[PDB]
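Those protein sequences? They're chains G, I, E, F and H, same order as listed. Position 61 (the first sequence) corresponds to 790 in PDB author numbering; numbering is contiguous. Position 109 (the second sequence) corresponds to 113 in PDB author numbering; numbering is contiguous. Position 227 (the third sequence) corresponds to 231 in PDB author numbering; numbering is contiguous. Position 106 (the fourth sequence) corresponds to 110 in PDB author numbering; numbering is contiguous. Position 10 (the fifth sequence) corresponds to 947 in PDB author numbering; numbering is contiguous.
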Amino acid sequence: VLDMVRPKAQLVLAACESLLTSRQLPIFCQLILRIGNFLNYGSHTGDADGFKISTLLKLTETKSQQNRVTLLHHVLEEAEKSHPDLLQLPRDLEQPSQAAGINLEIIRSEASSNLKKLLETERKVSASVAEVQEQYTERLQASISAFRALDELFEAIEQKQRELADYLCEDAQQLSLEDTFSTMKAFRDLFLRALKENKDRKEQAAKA
Amino acid sequence: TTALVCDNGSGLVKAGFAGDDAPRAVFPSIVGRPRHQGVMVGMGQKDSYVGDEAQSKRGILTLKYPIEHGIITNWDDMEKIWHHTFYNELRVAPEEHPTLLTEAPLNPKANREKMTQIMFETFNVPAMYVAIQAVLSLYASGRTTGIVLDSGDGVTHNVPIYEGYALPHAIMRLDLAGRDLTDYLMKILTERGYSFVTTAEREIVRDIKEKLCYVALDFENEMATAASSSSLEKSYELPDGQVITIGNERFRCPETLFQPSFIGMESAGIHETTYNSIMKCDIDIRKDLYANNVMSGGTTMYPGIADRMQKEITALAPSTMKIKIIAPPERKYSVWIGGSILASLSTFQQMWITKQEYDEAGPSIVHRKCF
Amino acid sequence: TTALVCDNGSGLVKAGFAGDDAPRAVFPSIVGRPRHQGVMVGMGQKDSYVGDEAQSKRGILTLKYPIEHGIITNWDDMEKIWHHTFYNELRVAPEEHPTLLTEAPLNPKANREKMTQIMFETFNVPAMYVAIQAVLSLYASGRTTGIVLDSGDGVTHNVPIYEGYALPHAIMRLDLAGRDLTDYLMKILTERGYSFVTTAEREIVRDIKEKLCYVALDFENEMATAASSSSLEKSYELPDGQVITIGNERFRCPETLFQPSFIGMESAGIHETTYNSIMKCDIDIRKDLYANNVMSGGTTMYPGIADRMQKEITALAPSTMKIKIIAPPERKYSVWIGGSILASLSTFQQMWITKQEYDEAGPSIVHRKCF
Amino acid sequence: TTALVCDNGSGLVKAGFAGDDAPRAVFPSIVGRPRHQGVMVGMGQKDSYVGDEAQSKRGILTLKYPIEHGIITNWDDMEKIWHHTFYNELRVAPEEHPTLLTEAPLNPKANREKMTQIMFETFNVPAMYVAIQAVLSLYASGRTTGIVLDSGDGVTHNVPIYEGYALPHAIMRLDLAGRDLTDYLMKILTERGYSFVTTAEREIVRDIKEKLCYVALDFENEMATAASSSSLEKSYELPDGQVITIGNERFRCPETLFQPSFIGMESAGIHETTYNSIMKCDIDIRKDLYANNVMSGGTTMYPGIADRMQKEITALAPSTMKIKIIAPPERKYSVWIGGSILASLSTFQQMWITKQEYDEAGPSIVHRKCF
Amino acid sequence: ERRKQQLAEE
Ligand SMILES: Nc1ncnc2c1ncn2[C@@H]1O[C@H](COP(=O)(O)OP(=O)(O)OP(=O)(O)O)[C@@H](O)[C@H]1O
Ligand SMILES: Nc1ncnc2c1ncn2[C@@H]1O[C@H](COP(=O)(O)OP(=O)(O)O)[C@@H](O)[C@H]1O
Ligand SMILES: Nc1ncnc2c1ncn2[C@@H]1O[C@H](COP(=O)(O)OP(=O)(O)O)[C@@H](O)[C@H]1O
Ligand SMILES: [Mg+2]
Ligand SMILES: [Mg+2]
Ligand SMILES: [Mg+2]
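Written out as structure tokens, the structure reads:
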């Protein structure tokens, strides 16, 4: 379980650090929020100045009269000529997409159960004979050092979650990392799909 | 020899040894049978699963919750639960350990007689004593006389106790507990906008009830700040990714205990049944009833239930400004912990019912030793 | 006595004794009838060659397969297959030996009726049994739970098992396996000019498919690599000495398992069949199934199918959850290995369908006694 | 101005003019796309067949249902369904006719937002209305109170309603209707050897479900009759000229409506769901509901469902009060008939949802206007 | 009993 848990946990920590250091996602959400406030005048919604995580999957709902080019395709067709750095949004967010769907509570439960059971194991072997002691206690102490390193990594994941909650200024108590990574993975698949559809449309227009 | 204490719960049966700080086995009150038809061998699969094994394999099992509102109705499944509780959960044979037992208050006499004759004939215990859950709940606080509120998963009761002996005339019943609170919590979370049709959703709402829900000191004032409270609104994550947001409902689910008119019945609350049960006693015991008021069950884990019980008994009774309602931190298992305190003592050895007493007196010994 | 296990699969028959790990009799299930004119006199030559004899002399024979998509078409040919595998190859009297049999799921019931009738009347046995092949394939793995994708020569079927319990509503069947891959390879070999029209040449195309084909991990990258350079081209020597070379047809042929629209059938690939089979189970019992994908069948002997299956399932599944493709190296005989494990048990000895029980119940107790 | 009543059901779209008795345009809701390649240049090879042209040309088409379990999943297909039913079938401009629409109970709110915005922005109407299907089914029966069970193609839901007040908590939904019976008929037809795997064959299995299947009055007696004599076996002629013959599958297929454990669902039958719907109501109005059980939807076209349903309700409920089943012969179009009744009223002119109300309140006034 | 007579016969 130390082989399985700690490097995807380090990927989750690197994913949260990449989200904290993501510069292009403020500029992209700035452009998306400006376009979304431009498109919805005349109703009660106007002067809308913030949005949740689930808006990025709702960007493809607004379709034009041809039913072929939606809002995300037009945003990327403006972004390819306006801001080539803003197309970096798959690469800095590749690591949350790799971290998408990692259930943090069950792996912290497995790590806590392993630590408490191995502490009970150390307590039982301390009352056992000396040959079992000399056989196992160096492995037991190294494993307890590995679980305390893993628990310090879990506390690091928790404080990076609190830092991300203070950074994004969204609903902090509802800010599940798993749901953010999974909905963002859907957004990154929509990003690559809309880029592929834009280049296929350009190739078809060039061939015609 | 160490004794065995089991709380035969409506939603959670607990089992363990006497003198332990915590029960060793906590398992839901479920009996599972295989849901689909199919025989094969499969290296000898069991025909019936109980408890944690029934919880673990529960997808291919139809479950049964055989206790309805505290009261035993299906008796074979209780016999199977008690067979799991001795033979595999604690891994004991019941013919040498004295076993303390729990009953719901206002139990029918035929249920107590059937319970005693199944303990003495089938399991063949050498010693058994049936206690009301409230009497053990007072014993966990460490006193012998007083009224106790006990709300489990089946039913809510208020029981007066005199020197360890309960008074069955002034026991009062309120027909709600943590299962009814769980049903009401699915109802008002469905009114909030959600839907719980599956098993795992019901377990998630049970854990929401375990973690987030609380009792405010004032219902009307916390309604008055409910839209404006920044700390009231909590949420929960289901492991597949569903998010359940809960607001004022965190203190509407347990306040059904205080006011049952929230759900649509006119029964008296946990403070009103307590007050009416105190007045139905003799006058002399009533100060000792107020002095040793213990709440018990998993339905009393809501934070801030102590000061609200204080304020409601303050409202109904003008003599009770300063007396404190005792709320132990471990009153999930105060029935079991008080059973451990009662059975572990050396003063309890006379109060056990022997096999010869049942043989010479019939089952009606449960009316006359357990009182 | 010692039991017999006879997996009468759609392409090859695997028969042998119980308690052994290597099947003693592996031979393809064909019937070879002559088609040209005989001029030699003295008999010796038969009117029907069965098994390896038909494989050796296949250039003057019409080959008929008695089993098509797990359904026996010609009962006389399959009777000759049973007679050859009992009397000539294995050389055992059937009326002194119990004999387990295997059958594909979702089969026509009258096929099972006629198997039971022939196995109880003509090749009359003291005891016999019909069991699902996926159950015995899991029994080879030494585990109690998991999902089996069994891809034989006629039937590719997905069966989940949880704690040794088949869920029949989640079982699906798909008529795409090794014979259809051989037919598609025979179709696409005509692009390079290698015509194959006879039934004798079908065995040669099957030998090419066994020796040279493999599953592509990524299909489009292997298209790009095959179209770019001739590194994936491999040569094969025919029995007449001609040397052919095949390129992308090594991986365009098993991809019909993952893309059935090559051969015009509408239904999806085997990974989507497995994925839909797992959502057809309940949500809580999926935890073992992703951890215990146990393939079997000869069609899963391509040396790229486990990594491709892991990639396709991990693409389809939620990523919160461990994917493990447990492919043992002996997964061809895993039906027979599991049969030899199951037939060497005392607990199975009460579950035999026997002669006199068939005599009261007709040939229809196989629908009742066998699941 | 003639209004339009257009029930956009899961199975078949039923559209026509208001104030009439029968809907003019009844056609199944499928979008057919060609899975094969085109070689014949010209002659209008249009890439997505919608409606009856998809039904007639179904042998080369992948058919997609836009409605799955009463939820509009595919939206471009459903827009094509609306475009076909307005322009090709009715041949009317939407801007000069009000359009009544129907909906399933316990629908998502954003689903209603999406149908409202397509019905106001793409297909501009002067007015439109969204109504519950069970309420219009009751209005076809002409009575103001009663319980309506509606079994469509994906949803079987129970709605009790007293004096027009639809009780929200007593509505519930069971995902077992005609498509699930069709899939179970595919699963059980392979026992006789008939394979149906393509989406083209779903129309054939749905057609034999429409023509030959019937609800058994008692399942065990019909089992004994079918096992004893071959009197109930009925033949059907396929479109390719082959003739099949089915036996017990004429009643094993609707019995999933009373026993959901066949397809593997833990929930009980529609009679128990109706009973639990009745106990959720107040005890005074149950007497009106027991004598006013109204069926609707084409899944109640099996000609044994009324007497079996009366038997099941009269057995399960206490027999104090009257059990009466309201099963009109035209209850298949009772949603459309009730919409035609409701659209043609002088009082209905002020409950229309105008374009100005849409401009004032977004696509959200249907929540506060309709139930 | 029929199964026991069966296993005794066989
Ligand atoms: N921390 C908690 N907070 C709130 N409710 C809880 C908590 N833990 C458990 N519960 C709920 O309270 C009930 C558990 O109480 P308890 O163990 O006293 O019941 P029981 O012994 O099964 O019932 P009874 O005494 O009527 O036989 C269950 O309904 C459970 O869901
Ligand atoms: N080494 C191999 N590599 C690739 N395919 C194989 C190999 N061995 C057998 N096969 C294929 O598997 C088929 C045999 O499957 P089999 O194990 O007989 O399944 P079943 O017993 O269900 O018929 C053969 O027809 C052949 O096409
Ligand atoms: N004569 C019939 N006999 C049995 N079943 C029928 C008959 N006609 C229709 N059905 C079934 O009932 C359904 C009728 O659809 P309907 O209730 O009008 O709309 P939807 O189910 O799409 O909401 C069809 O899916 C069909 O399977
Ligand atoms: Mg209890
Ligand atoms: Mg096989
Ligand atoms: Mg309908």
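For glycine and all other residues, C-beta sits at the position ideal for the given N, C-alpha and C.
Only those residues of the stretch 757 to 772 of chain G whose C-beta falls short of 9 Å from the nearest C-beta of chain F are listed: 771 and 772. Annotation: the stretch 100 to 171 of chain E contains the following complete segments of the alpha helix (DSSP H) (minimum length 4 residues), in chain order: 113 to 125 and 137 to 144. Residue 243 of chain E carries a coil assignment under DSSP once its states are collapsed to helix, strand and coil. Interface annotation, residue 351 of chain E: in contact with chain I, CB-CB separation under 7 Å. Listed in chain order, the non-local C-beta contacts of residue 740 of chain G below 7 Å within the same chain comprise 824, 827 and 828, local neighbours out to five positions each way being set aside. Among the residues facing chain E, residue 947 of chain H is included, as its CB has a counterpart in that chain under 7 Å away. A distance below 6 Å between beta-carbons, with the five flanking residues on each side excluded, links residue 212 of chain F to the following residues of its chain, in chain order: 240.
Contact between the stretch 93 to 105 of chain E and the stretch 59 to 78 of chain E is absent: fewer than 3 CB-CB pairs across the two stretches fall below 8 Å.
Those residues that bring their Cβ nearer than 5 Å to a heavy atom of ligand 5 are E:13, E:156 and E:339. Within the stretch 40 to 105 of chain E, the runs of alpha helix (DSSP H) at least 4 residues long that lie entirely inside it are, in chain order, 56 to 60 and 79 to 87. For the pair residue 183 of chain I and residue 203 of chain I, the Cα-to-Cα distance works out to about 14 Å. Excluding residues up to 5 positions away in sequence, 35, 52 and 54 lie with their Cβ nearer than 7 Å to the Cβ of residue 84 of chain F in the same chain. The beta carbon of residue 307 of chain I sits no closer than 7 Å to any beta carbon of chain G. By the rule that beta-carbons nearer than 7 Å mark a contact, residue 5 of chain E does not touch chain H. Here the C-alpha atom of residue 45 of chain E lies approximately 27 Å from the C-alpha atom of residue 93 of chain E. Secondary structure note for residue 185 of chain F: its alpha helix (DSSP H) is the uninterrupted segment 182 to 193. Residue 301 of chain I counts as buried, since no fewer than 16 other beta carbons sit within 10 angstroms of its beta carbon. Only 38, 40, 42, 43, 44, 45, 46, 47, 48, 49, 61, 62, 63 and 64 from the stretch 33 to 67 of chain I bring a Cβ to less than 8 Å from some Cβ of chain E.
Contact residues of the stretch 245 to 277 of chain F toward chain E are 267 and 268 (C-beta to C-beta distance below 7 Å). Separation of the CB atoms of residue 274 of chain F and residue 262 of chain F is rounded to 7 Å, and the pair is thereby assigned contact status at 8 Å. In this chain, the beta strand (DSSP E) harbouring residue 11 of chain F covers 8 to 12.
For residue 305 of chain I, the closest of I:328, I:332, I:325 and I:271 by C-alpha to C-alpha distance is I:332. In the DSSP assignment, residue 36 of chain F forms a beta bridge with F:53 and F:67. Membership of residue 178 of chain I in any alpha helix (DSSP H) is not indicated; the residue belongs instead to the beta strand (DSSP E) covering 176 to 178.
Taking a C-beta distance under 7 Å as the contact criterion, residue 322 of chain E and residue 779 of chain G do not qualify as a contact pair.
The stretch 156 to 175 of chain I makes contact with the stretch 104 to 117 of chain I; the number of CB pairs closer than 8 Å reaches 3 or more. Judged by beta-carbon spacing, residue 344 of chain E lies beyond the 7 Å limit of residue 129 of chain E, meaning their Cβ atoms are not closer than that value. DSSP, read as helix, strand or coil, puts residue 924 of chain G in helix. Comparing alpha-carbon positions, the option among I:97, I:48 and I:118 lying closest to residue 77 of chain I turns out to be I:118. At least one beta carbon of chain G lies nearer than 7 Å to the beta carbon of residue 239 of chain I. If you draw a straight line from the Cα of residue 352 of chain I to the Cα of residue 346 of chain I, it comes to about 7 Å. The DSSP-derived three-state label of residue 791 of chain G is coil. Here the alpha carbons of residue 256 of chain E and residue 253 of chain F stand approximately 41 Å from one another. Using a CB distance below 9 Å, the part of the stretch 103 to 122 of chain E facing chain F consists of 110, 111, 112, 113, 114 and 115, ordered along the chain. Closest by C-alpha distance to residue 163 of chain F, out of F:185, F:137 and F:29, is F:137. Here the stretch 904 to 921 of chain G makes contact with the stretch 229 to 247 of chain I; the two share three or more CB pairs at distances below 8 Å.
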